[PDB]
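Asker:
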Amino acid sequence: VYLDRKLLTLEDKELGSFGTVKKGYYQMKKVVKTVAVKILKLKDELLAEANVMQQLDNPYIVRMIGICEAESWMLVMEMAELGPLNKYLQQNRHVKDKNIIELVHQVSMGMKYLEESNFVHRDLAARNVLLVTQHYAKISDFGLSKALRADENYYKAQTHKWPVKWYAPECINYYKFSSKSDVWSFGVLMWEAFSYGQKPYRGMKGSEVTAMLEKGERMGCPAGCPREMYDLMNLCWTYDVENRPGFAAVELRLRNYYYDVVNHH
Ligand SMILES: CNC(=O)c1nn(C)c2ccc(Nc3nccc(-n4cc(N[C@@H]5CCNC5)c(C)n4)n3)cc12
Numbered sequence: 001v002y003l004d005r006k007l008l009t010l011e012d013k014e015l016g017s018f019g020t021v022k023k024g025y026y027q028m029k030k031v032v033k034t035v036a037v038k039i040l041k042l043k044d045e046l047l048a049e050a051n052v053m054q055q056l057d058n059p060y061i062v063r064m065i066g067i068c069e070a071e072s073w074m075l076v077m078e079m080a081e082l083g084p085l086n087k088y089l090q091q092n093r094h095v096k097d098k099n100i101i102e103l104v105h106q107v108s109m110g111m112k113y114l115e116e117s118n119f120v121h122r123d124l125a126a127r128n129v130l131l132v133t134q135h136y137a138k139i140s141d142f143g144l145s146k147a148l149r150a151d152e153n154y155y156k157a158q159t160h161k162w163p164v165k166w167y168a169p170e171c172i173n174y175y176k177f178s179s180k181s182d183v184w185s186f187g188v189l190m191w192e193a194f195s196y197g198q199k200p201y202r203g204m205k206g207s208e209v210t211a212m213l214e215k216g217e218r219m220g221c222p223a224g225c226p227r228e229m230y231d232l233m234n235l236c237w238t239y240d241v242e243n244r245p246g247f248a249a250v251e252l253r254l255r256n257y258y259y260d261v262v263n264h265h
């Protein structure tokens, strides 16, 4: 878990600026590993974030190499070279619809695993999906993540920063976070991906988003997004937690549509 700082080389320039994200290199048993490092420069939160990641083992989740306590607290992770999914899509507007399905399906596989492992992500958004390649997505940013209690299906937040546009109505109304509330967030993530990284509920206040959802209104279908994918987004946005599908059902719908699109092309 605790890394040797002598074996870590950080780059001067930062990838993003909580703290900062920097590129580095970790001298391993034989090969040198390119890493992305979360630098605090909050400590308990970074250690809790590292503890969650240490427990996760899935191809569609960012792997943590370890933690290092130096001039600042550091979270060292395997590098996903292409960066955040939203920024990638904003910069590469010609990514094909089939490719977008492939990527959101990968996110759904990672989330199906998280749900099976009884962890709630609580910040599932396109800015928190990183690309290894144009055809390989991983989920990152476990800072708000919680291991569910053995006797409960949800995490109850004691007191209300929250990305409200990604949050299910029960998160807002009852401060209850479950895998079903991550399904809601995943619906918003699908909308962002098919909208090529555009922000959801454009120009609206958090209170206006709450009022809109309460009226039963939902975001429209993004340009070029297939009806089947929009139908899935709307299903993720099922107001009532009990009637909302879980990730096993969401991943299966995506898997089947993806292979239908693959074999049609
Ligand atoms: C803010 N800008 C960036 O992160 C970023 N910009 N560019 C150009 C990048 C290129 C590669 C990677 N590669 C990577 N590979 C593995 C892990 C990470 N991580 C990033 C976060 N936080 C960022 C804050 C919210 N979501 C992401 C965490 C926790 N891990 N990044 C990240 C970035």
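Using the working numbering, the letters of the sequence shown correspond one by one to residues 1 to 265.
Note that CB positions come from ideal geometry on N, CA and C, so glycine has one too.
According to DSSP, what are the bridge partners of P84?
Answerer: According to DSSP, which records beta bridges pairwise, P84 is partnered with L130.
Asker: Would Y113 and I65 qualify as a contact pair, given that the criterion is a beta-carbon distance under 8 Å?
Answerer: Going by C-beta atoms, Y113 is not nearer than 8 Å to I65.
Asker: Rounded to a whole number of angstroms, what is the C-alpha to C-alpha distance between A70 and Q55?
Answerer: Each residue's alpha carbon lies about 23 Å from the other.
Asker: Taking 7 Å as the cut-off, does the CB of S185 come closer than this to any heavy atom belonging to ligand 1?
Answerer: It does not: the Cβ of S185 is nowhere closer than 7 Å to a heavy atom of ligand 1.
Asker: Buried or exposed, going by whether 16 or more other CB atoms sit within 10 Å of the CB of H121?
Answerer: With 16 or more Cβ atoms within 10 Å of its Cβ, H121 is classed as buried.
Asker: Apart from the five residues just before and just after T210, which ones in its own chain have a Cβ nearer than 7 Å to its Cβ?
Answerer: Same-chain partners within the cutoff: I172.
Asker: Which one or two residues does DSSP pair with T34 in a beta bridge?
Answerer: Answer is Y25, bridged to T34.
Asker: Is the beta carbon of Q106 less than 8 Å from the beta carbon of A80?
Answerer: In this structure, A80 does not lie closer than 8 Å to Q106 by Cβ.
Asker: Which residues share a DSSP beta bridge with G197?
Answerer: DSSP lists no partner for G197.
Asker: Identify every residue that forms a DSSP beta bridge with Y136.
Answerer: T133.
Asker: Here's the rule I'm using: 16 or more other beta-carbon atoms within 10 Å means buried, otherwise exposed. How should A36 be labelled?
Answerer: By the neighbour-count rule (16 or more Cβ atoms within 10 Å), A36 is buried.
Asker: Which residue marks the beginning of the beta strand (DSSP E) containing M233, and which one marks its end?
Answerer: Note, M233: premise wrong, no beta strand (DSSP E); alpha helix (DSSP H) at 227-236.
Asker: Ignore the nearest five residues each way along the sequence and tell me which others in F247's own chain have a CB closer than 7 Å to its CB.
Answerer: Correct list, in chain order: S108, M111, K112, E115, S179, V183.
Asker: On the DSSP letters alone, give me the boundaries of the alpha helix (DSSP H) that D97 sits inside.
Answerer: Residues 97-116.
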